[PDB]
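Have a look at run06.json below; it lists JSON, C-alpha atoms and all ligand atoms.
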[["chain", "number", "residue", "atom", "x", "y", "z"],
["A", 1, "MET", "CA", -10.79, 0.00, 16.02],
["A", 2, "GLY", "CA", -10.58, 0.58, 12.27],
["A", 3, "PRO", "CA", -12.81, -1.23, 9.77],
["A", 4, "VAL", "CA", -11.79, -4.81, 8.98],
["A", 5, "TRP", "CA", -12.37, -7.30, 6.22],
["A", 6, "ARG", "CA", -14.61, -10.07, 7.56],
["A", 7, "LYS", "CA", -12.84, -12.71, 5.51],
["A", 8, "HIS", "CA", -9.26, -13.92, 5.29],
["A", 9, "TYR", "CA", -9.02, -14.37, 1.52],
["A", 10, "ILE", "CA", -8.59, -11.01, -0.15],
["A", 11, "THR", "CA", -8.01, -10.35, -3.83],
["A", 12, "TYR", "CA", -6.27, -7.44, -5.45],
["A", 13, "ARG", "CA", -6.04, -6.15, -8.99],
["A", 14, "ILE", "CA", -3.62, -3.65, -10.48],
["A", 15, "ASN", "CA", -5.92, -1.31, -12.39],
["A", 16, "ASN", "CA", -3.12, 0.45, -14.21],
["A", 17, "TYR", "CA", 0.64, 0.84, -14.23],
["A", 18, "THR", "CA", 2.86, 3.84, -13.62],
["A", 19, "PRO", "CA", 5.17, 4.56, -16.56],
["A", 20, "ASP", "CA", 7.89, 5.33, -13.99],
["A", 21, "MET", "CA", 8.69, 1.61, -13.60],
["A", 22, "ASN", "CA", 8.21, -1.44, -15.77],
["A", 23, "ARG", "CA", 5.15, -3.61, -15.29],
["A", 24, "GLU", "CA", 6.97, -6.57, -13.77],
["A", 25, "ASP", "CA", 8.61, -4.33, -11.17],
["A", 26, "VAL", "CA", 5.28, -2.81, -10.17],
["A", 27, "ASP", "CA", 3.80, -6.33, -9.82],
["A", 28, "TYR", "CA", 6.77, -7.38, -7.69],
["A", 29, "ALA", "CA", 6.65, -4.34, -5.39],
["A", 30, "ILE", "CA", 2.94, -4.80, -4.80],
["A", 31, "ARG", "CA", 3.19, -8.57, -4.29],
["A", 32, "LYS", "CA", 5.99, -8.09, -1.75],
["A", 33, "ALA", "CA", 4.03, -5.38, 0.06],
["A", 34, "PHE", "CA", 1.04, -7.70, 0.50],
["A", 35, "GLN", "CA", 3.42, -10.44, 1.69],
["A", 36, "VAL", "CA", 4.63, -8.18, 4.53],
["A", 37, "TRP", "CA", 1.15, -8.21, 6.02],
["A", 38, "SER", "CA", 0.25, -11.83, 5.22],
["A", 39, "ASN", "CA", 3.45, -12.87, 7.06],
["A", 40, "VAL", "CA", 1.97, -11.83, 10.42],
["A", 41, "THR", "CA", -1.76, -12.46, 10.00],
["A", 42, "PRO", "CA", -4.11, -15.16, 8.75],
["A", 43, "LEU", "CA", -4.75, -13.06, 5.62],
["A", 44, "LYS", "CA", -3.99, -14.35, 2.16],
["A", 45, "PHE", "CA", -3.78, -12.15, -0.93],
["A", 46, "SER", "CA", -4.26, -13.25, -4.51],
["A", 47, "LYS", "CA", -3.68, -11.09, -7.57],
["A", 48, "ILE", "CA", -6.40, -11.32, -10.20],
["A", 49, "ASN", "CA", -6.53, -9.81, -13.67],
["A", 50, "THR", "CA", -10.15, -10.62, -14.46],
["A", 51, "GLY", "CA", -12.95, -10.33, -11.93],
["A", 52, "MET", "CA", -13.95, -8.21, -8.94],
["A", 53, "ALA", "CA", -10.98, -7.66, -6.65],
["A", 54, "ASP", "CA", -11.30, -6.41, -3.10],
["A", 55, "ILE", "CA", -8.33, -4.06, -3.32],
["A", 56, "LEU", "CA", -7.84, -2.14, -6.54],
["A", 57, "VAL", "CA", -4.35, -0.63, -6.99],
["A", 58, "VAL", "CA", -4.58, 2.59, -9.02],
["A", 59, "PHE", "CA", -2.11, 5.21, -10.19],
["A", 60, "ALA", "CA", -3.88, 8.54, -10.79],
["A", 61, "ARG", "CA", -3.32, 12.27, -10.92],
["A", 62, "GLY", "CA", -4.74, 15.32, -9.16],
["A", 63, "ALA", "CA", -8.52, 15.23, -8.94],
["A", 64, "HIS", "CA", -9.24, 11.62, -9.84],
["A", 65, "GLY", "CA", -12.85, 10.92, -9.00],
["A", 66, "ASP", "CA", -12.96, 10.69, -5.22],
["A", 67, "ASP", "CA", -12.81, 12.93, -2.18],
["A", 68, "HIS", "CA", -9.06, 12.81, -1.80],
["A", 69, "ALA", "CA", -7.52, 14.82, -4.61],
["A", 70, "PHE", "CA", -3.78, 14.59, -5.09],
["A", 71, "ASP", "CA", -1.48, 17.61, -5.06],
["A", 72, "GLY", "CA", 1.14, 17.08, -7.73],
["A", 73, "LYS", "CA", 4.72, 16.16, -6.93],
["A", 74, "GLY", "CA", 5.48, 15.83, -3.22],
["A", 75, "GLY", "CA", 3.05, 16.26, -0.35],
["A", 76, "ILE", "CA", 0.56, 13.40, -0.35],
["A", 77, "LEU", "CA", 2.06, 10.35, -2.09],
["A", 78, "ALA", "CA", -0.95, 8.06, -1.95],
["A", 79, "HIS", "CA", -4.15, 7.34, -0.08],
["A", 80, "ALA", "CA", -6.25, 4.27, 0.54],
["A", 81, "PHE", "CA", -9.77, 3.41, 1.60],
["A", 82, "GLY", "CA", -10.40, 1.17, 4.58],
["A", 83, "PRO", "CA", -12.19, -2.15, 4.17],
["A", 84, "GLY", "CA", -15.53, -1.93, 2.41],
["A", 85, "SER", "CA", -17.22, -2.73, -0.90],
["A", 86, "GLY", "CA", -16.60, -0.85, -4.14],
["A", 87, "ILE", "CA", -13.96, 1.82, -3.65],
["A", 88, "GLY", "CA", -13.44, 0.40, -0.16],
["A", 89, "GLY", "CA", -10.01, -1.15, 0.25],
["A", 90, "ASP", "CA", -8.69, 0.57, -2.87],
["A", 91, "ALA", "CA", -5.19, 2.04, -2.82],
["A", 92, "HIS", "CA", -4.42, 5.08, -4.95],
["A", 93, "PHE", "CA", -0.92, 6.26, -5.78],
["A", 94, "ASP", "CA", -0.16, 9.78, -6.98],
["A", 95, "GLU", "CA", 1.27, 9.54, -10.49],
["A", 96, "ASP", "CA", 2.89, 12.93, -10.03],
["A", 97, "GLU", "CA", 5.43, 11.16, -7.83],
["A", 98, "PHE", "CA", 8.33, 9.33, -9.43],
["A", 99, "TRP", "CA", 7.84, 5.72, -8.35],
["A", 100, "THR", "CA", 10.92, 3.55, -8.04],
["A", 101, "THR", "CA", 12.28, 0.20, -6.90],
["A", 102, "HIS", "CA", 15.09, 1.95, -5.01],
["A", 103, "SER", "CA", 16.11, 4.93, -2.86],
["A", 104, "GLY", "CA", 15.48, 7.54, -5.56],
["A", 105, "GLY", "CA", 12.08, 9.17, -6.01],
["A", 106, "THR", "CA", 9.39, 7.47, -3.95],
["A", 107, "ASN", "CA", 9.83, 3.77, -3.23],
["A", 108, "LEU", "CA", 6.68, 1.99, -4.40],
["A", 109, "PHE", "CA", 7.13, -1.03, -2.11],
["A", 110, "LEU", "CA", 7.37, 1.03, 1.09],
["A", 111, "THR", "CA", 4.47, 3.26, 0.11],
["A", 112, "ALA", "CA", 2.42, 0.20, -0.80],
["A", 113, "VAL", "CA", 3.10, -1.42, 2.57],
["A", 114, "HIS", "CA", 1.80, 1.72, 4.28],
["A", 115, "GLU", "CA", -1.19, 2.01, 1.94],
["A", 116, "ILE", "CA", -2.13, -1.66, 2.26],
["A", 117, "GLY", "CA", -1.98, -1.15, 6.02],
["A", 118, "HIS", "CA", -4.77, 1.39, 5.56],
["A", 119, "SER", "CA", -6.59, -0.93, 3.11],
["A", 120, "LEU", "CA", -6.65, -3.49, 5.96],
["A", 121, "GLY", "CA", -7.96, -1.03, 8.53],
["A", 122, "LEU", "CA", -4.81, 0.27, 10.25],
["A", 123, "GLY", "CA", -4.42, 3.87, 11.35],
["A", 124, "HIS", "CA", -1.16, 5.66, 12.05],
["A", 125, "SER", "CA", 1.61, 4.83, 14.50],
["A", 126, "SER", "CA", 3.59, 7.13, 16.80],
["A", 127, "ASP", "CA", 6.68, 4.94, 16.40],
["A", 128, "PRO", "CA", 9.10, 6.71, 14.01],
["A", 129, "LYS", "CA", 10.36, 3.31, 12.80],
["A", 130, "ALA", "CA", 6.87, 1.89, 12.14],
["A", 131, "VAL", "CA", 5.76, 1.65, 8.51],
["A", 132, "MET", "CA", 2.44, 3.15, 9.68],
["A", 133, "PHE", "CA", 4.17, 6.33, 10.85],
["A", 134, "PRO", "CA", 2.42, 9.14, 8.90],
["A", 135, "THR", "CA", 5.40, 10.35, 6.86],
["A", 136, "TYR", "CA", 7.45, 8.49, 4.27],
["A", 137, "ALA", "CA", 11.03, 7.44, 4.94],
["A", 138, "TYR", "CA", 13.26, 5.27, 2.78],
["A", 139, "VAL", "CA", 14.73, 2.23, 4.44],
["A", 140, "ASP", "CA", 16.80, -0.44, 2.70],
["A", 141, "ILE", "CA", 14.15, -2.71, 1.19],
["A", 142, "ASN", "CA", 16.17, -5.85, 1.86],
["A", 143, "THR", "CA", 16.41, -5.17, 5.58],
["A", 144, "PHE", "CA", 12.89, -3.74, 5.87],
["A", 145, "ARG", "CA", 10.80, -5.10, 8.71],
["A", 146, "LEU", "CA", 7.49, -4.24, 10.33],
["A", 147, "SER", "CA", 8.00, -2.68, 13.73],
["A", 148, "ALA", "CA", 6.56, -4.36, 16.82],
["A", 149, "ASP", "CA", 3.93, -1.64, 16.78],
["A", 150, "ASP", "CA", 2.81, -2.48, 13.21],
["A", 151, "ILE", "CA", 2.58, -6.15, 14.12],
["A", 152, "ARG", "CA", 0.61, -5.33, 17.26],
["A", 153, "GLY", "CA", -1.77, -3.18, 15.23],
["A", 154, "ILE", "CA", -2.45, -5.69, 12.49],
["A", 155, "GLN", "CA", -2.66, -8.69, 14.85],
["A", 156, "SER", "CA", -5.25, -6.74, 16.85],
["A", 157, "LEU", "CA", -7.41, -6.50, 13.72],
["A", 158, "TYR", "CA", -6.95, -10.03, 12.35],
["A", 159, "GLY", "CA", -6.54, -13.43, 13.97],
["A", 201, "LIG", "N1", 6.52, 14.61, 3.93],
["A", 201, "LIG", "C1", 7.09, 13.54, 3.37],
["A", 201, "LIG", "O1", 8.13, 13.05, 3.80],
["A", 201, "LIG", "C2", 6.40, 12.94, 2.18],
["A", 201, "LIG", "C3", 6.71, 13.76, 0.95],
["A", 201, "LIG", "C4", 8.16, 13.76, 0.53],
["A", 201, "LIG", "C5", 8.25, 14.38, -0.83],
["A", 201, "LIG", "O2", 8.28, 15.60, -0.94],
["A", 201, "LIG", "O3", 8.25, 13.61, -1.92],
["A", 201, "LIG", "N2", 4.97, 12.96, 2.32],
["A", 201, "LIG", "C6", 4.35, 12.21, 3.22],
["A", 201, "LIG", "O4", 4.95, 11.47, 3.96],
["A", 201, "LIG", "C7", 2.87, 12.38, 3.27],
["A", 201, "LIG", "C8", 2.54, 13.51, 4.25],
["A", 201, "LIG", "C9", 1.09, 13.97, 4.15],
["A", 201, "LIG", "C10", 0.81, 15.21, 4.96],
["A", 201, "LIG", "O5", 1.15, 16.35, 4.37],
["A", 201, "LIG", "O6", 0.30, 15.13, 6.07],
["A", 201, "LIG", "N3", 2.11, 11.21, 3.66],
["A", 201, "LIG", "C11", 1.64, 10.39, 2.74],
["A", 201, "LIG", "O7", 1.83, 10.55, 1.55],
["A", 201, "LIG", "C12", 0.84, 9.25, 3.26],
["A", 201, "LIG", "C13", 1.10, 8.01, 2.42],
["A", 201, "LIG", "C14", 2.35, 7.28, 2.80],
["A", 201, "LIG", "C15", 3.10, 7.15, 3.91],
["A", 201, "LIG", "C16", 4.15, 6.29, 3.58],
["A", 201, "LIG", "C17", 5.25, 5.78, 4.43],
["A", 201, "LIG", "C18", 5.23, 6.09, 5.79],
["A", 201, "LIG", "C19", 6.23, 5.62, 6.62],
["A", 201, "LIG", "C20", 7.24, 4.83, 6.09],
["A", 201, "LIG", "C21", 8.28, 4.32, 7.00],
["A", 201, "LIG", "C22", 8.70, 5.12, 8.06],
["A", 201, "LIG", "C23", 9.67, 4.67, 8.94],
["A", 201, "LIG", "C24", 10.21, 3.41, 8.77],
["A", 201, "LIG", "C25", 9.78, 2.62, 7.72],
["A", 201, "LIG", "CL1", 10.44, 1.04, 7.50],
["A", 201, "LIG", "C26", 8.81, 3.06, 6.83],
["A", 201, "LIG", "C27", 7.25, 4.49, 4.74],
["A", 201, "LIG", "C28", 6.25, 4.96, 3.90],
["A", 201, "LIG", "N4", 4.06, 5.89, 2.34],
["A", 201, "LIG", "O8", 2.91, 6.52, 1.82],
["A", 201, "LIG", "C29", -0.60, 9.66, 3.06],
["A", 201, "LIG", "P1", -1.85, 8.69, 3.94],
["A", 201, "LIG", "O9", -1.36, 8.47, 5.34],
["A", 201, "LIG", "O10", -2.13, 7.38, 3.20],
["A", 201, "LIG", "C30", -3.30, 9.73, 3.93],
["A", 201, "LIG", "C31", -3.93, 10.11, 5.11],
["A", 201, "LIG", "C32", -5.06, 10.92, 5.06],
["A", 201, "LIG", "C33", -5.53, 11.35, 3.82],
["A", 201, "LIG", "BR1", -7.06, 12.46, 3.72],
["A", 201, "LIG", "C34", -4.91, 10.98, 2.65],
["A", 201, "LIG", "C35", -3.79, 10.16, 2.71],
["A", 202, "CA", "CA", 1.69, 14.30, -4.36],
["A", 203, "CA", "CA", -12.46, -2.25, -3.41],
["A", 204, "CA", "CA", 5.10, 9.35, -12.10],
["A", 205, "ZN", "ZN", -8.12, 8.44, -4.74],
["A", 206, "ZN", "ZN", -1.14, 6.83, 6.28]]
For this file, produce the structure as structure tokens.
Ligand SMILES: NC(=O)[C@H](CCC(=O)O)NC(=O)[C@H](CCC(=O)O)NC(=O)[C@H](Cc1cc(-c2ccc(-c3cccc(Cl)c3)cc2)no1)CP(=O)(O)c1ccc(Br)cc1
Ligand SMILES: [Ca+2]
Ligand SMILES: [Ca+2]
Ligand SMILES: [Ca+2]
Ligand SMILES: [Zn+2]
Ligand SMILES: [Zn+2]
Amino acid sequence: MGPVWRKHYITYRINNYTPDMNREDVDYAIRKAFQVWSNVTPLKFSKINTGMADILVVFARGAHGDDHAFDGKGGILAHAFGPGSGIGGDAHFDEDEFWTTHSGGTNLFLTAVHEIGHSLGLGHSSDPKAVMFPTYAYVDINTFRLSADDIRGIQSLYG
């Protein structure tokens, strides 16, 4: 019942890069996170560098220009706007976290999967093994899979 994109081609742009990781690793984590959702829907995601993307990926700190101020290290890791124009769809990551490609700090890929879920219109799950469960958990990235509840949720919105 969340808001949905009324198109199946969706662009994203990485507005800026956390210094916690190198650029290529941020690109990879984000690309893989989009792929998780495209794998089970008719949605396709293209990265653009120049132009007007639907989903802007932003790393920012504290009060950063919207109604969802961050809180420094810990607590809220990120937040994202549901489908819509402008700031709609955009996914913001708290730079006061330490973003990583691994089990240390906060795993960017896993957080991005959750965030992109919100960017596509998903709410939270009650399944503790669903990526849309409200609180972060690290799971081995190689064996990561959407739960049946996540797939149900996203397939109910698209396709
Ligand atoms: N509490 C925690 O474990 C970590 C912090 C750990 C730390 O100290 O670094 N924080 C969190 O988990 C916090 C809790 C927020 C709260 O206080 O309610 N959640 C958040 O930060 C939400 C953002 C968020 C959640 C996740 C996540 C969730 C589940 C899993 C997962 C779980 C099980 C299996 C698998 Cl495979 C994956 C992985 C990542 N990744 O990012 C914030 P949001 O939901 O986008 C949101 C909602 C409303 C507003 Br307004 C703004 C943003
Ligand atoms: Ca925080
Ligand atoms: Ca947008
Ligand atoms: Ca950081
Ligand atoms: Zn924000
Ligand atoms: Zn959430």
*Between CA of residue 68 in chain A and CA of residue 19 in chain A, measure the distance and give it in Å to one decimal.*
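According to the coordinates, CA of residue 68 in chain A and CA of residue 19 in chain A are separated by 22.1 Å.
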*ligand LIG 201 (chain A): which residues are within 10 Å, counting all atoms listed in the file, as a PyMOL selection string?*
chain A and resi 67-81+91-94+96-98+105-119+123-125+127-141+143-147
_Closest of A:23, A:64, A:8, A:13 to residue 42 in chain A - atom-to-atom distances counting only C-alpha atoms_ =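 Answer, going by the shortest atom-to-atom distance: A:8.
Of the listed residues A:120, A:48, A:40, A:10, the one whose atoms come nearest to ligand ZN 206 (chain A) is A:120, with distances taken using only C-alpha atoms and all ligand atoms.
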*Proximity to residue 158 in chain A - best of A:37, A:11, A:103, A:31, only C-alpha atoms*: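 Of all the options, A:37 lies closest to residue 158 in chain A.
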*Residue contacts of residue 50 in chain A (12 Å, only C-alpha atoms) excluding same-chain residues fewer than 2 positions away, as a count of residues only*: 11
Could you give me, as an mmCIF file with C-alpha atoms, in the frame of the given file, the residues that sit within 8 Å of (-8.2, 0.9, 11.2) in the file's coordinates, counting all atoms listed in the file?
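Final output, saved to part_17.cif:
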data_model
loop_
_atom_site.group_PDB
_atom_site.id
_atom_site.type_symbol
_atom_site.label_atom_id
_atom_site.label_comp_id
_atom_site.auth_asym_id
_atom_site.auth_seq_id
_atom_site.Cartn_x
_atom_site.Cartn_y
_atom_site.Cartn_z
ATOM 1 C CA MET A 1 -10.790 0.000 16.020
ATOM 2 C CA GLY A 2 -10.580 0.580 12.270
ATOM 3 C CA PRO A 3 -12.810 -1.230 9.770
ATOM 4 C CA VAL A 4 -11.790 -4.810 8.980
ATOM 5 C CA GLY A 82 -10.400 1.170 4.580
ATOM 6 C CA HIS A 118 -4.770 1.390 5.560
ATOM 7 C CA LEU A 120 -6.650 -3.490 5.960
ATOM 8 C CA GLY A 121 -7.960 -1.030 8.530
ATOM 9 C CA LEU A 122 -4.810 0.270 10.250
ATOM 10 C CA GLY A 123 -4.420 3.870 11.350
ATOM 11 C CA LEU A 157 -7.410 -6.500 13.720
#
Do you have, as a Markdown table, the list of residues of chain A lying at most 8 Å from ligand CA 203 (chain A), each with its nearest atom pair and that distance in Å to one decimal, counting only C-alpha atoms and all ligand atoms and ordered by chain then number?
| residue | atom | partner | partner_atom | distance |
| --- | --- | --- | --- | --- |
| A:53 | CA | A:CA203 | CA | 6.5 |
| A:54 | CA | A:CA203 | CA | 4.3 |
| A:55 | CA | A:CA203 | CA | 4.5 |
| A:56 | CA | A:CA203 | CA | 5.6 |
| A:83 | CA | A:CA203 | CA | 7.6 |
| A:84 | CA | A:CA203 | CA | 6.6 |
| A:85 | CA | A:CA203 | CA | 5.4 |
| A:86 | CA | A:CA203 | CA | 4.4 |
| A:87 | CA | A:CA203 | CA | 4.3 |
| A:88 | CA | A:CA203 | CA | 4.3 |
| A:89 | CA | A:CA203 | CA | 4.5 |
| A:90 | CA | A:CA203 | CA | 4.7 |
*How many Å lie between CA of residue 63 in chain A and atom ZN of ligand ZN 205 (chain A), rounded to one decimal?*
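Between CA of residue 63 in chain A and atom ZN of ligand ZN 205 (chain A) the gap is 8.0 Å.
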*Of the candidates A:51, A:95, A:17, A:61, which one gets nearest to residue 29 in chain A if we count only C-alpha atoms?*
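Answer, going by the shortest atom-to-atom distance: A:17.
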*Please provide as an NGL selection string all residues within 9 Å of residue 159 in chain A, with the sequence filter that same-chain residues fewer than 2 positions apart are discarded (counting only C-alpha atoms).*
:A and (41-43 or 154-157)
Same residues, C-alpha atoms, saved as a PDB file, in the coordinates of the input:
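The result, stored in out.pdb:
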ATOM      1  CA  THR A  41      -1.760 -12.460  10.000  1.00  0.00           C
ATOM      2  CA  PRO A  42      -4.110 -15.160   8.750  1.00  0.00           C
ATOM      3  CA  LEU A  43      -4.750 -13.060   5.620  1.00  0.00           C
ATOM      4  CA  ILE A 154      -2.450  -5.690  12.490  1.00  0.00           C
ATOM      5  CA  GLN A 155      -2.660  -8.690  14.850  1.00  0.00           C
ATOM      6  CA  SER A 156      -5.250  -6.740  16.850  1.00  0.00           C
ATOM      7  CA  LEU A 157      -7.410  -6.500  13.720  1.00  0.00           C
TER       8      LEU A 157
END
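In terms of minimum interatomic distance to ligand ZN 205 (chain A), A:59 ranks closest within A:59, A:45, A:34, A:5, counting only C-alpha atoms and all ligand atoms.
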*Two-atom distance - CA of residue 38 in chain A, CA of residue 57 in chain A (Å)*: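 So the answer is 17.2 Å.
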*Which is closest to residue 25 in chain A among A:153, A:101, A:66, A:9, if we use all atoms listed in the file?*
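Looking only at the distances to residue 25 in chain A, the closest residue turns out to be A:101.
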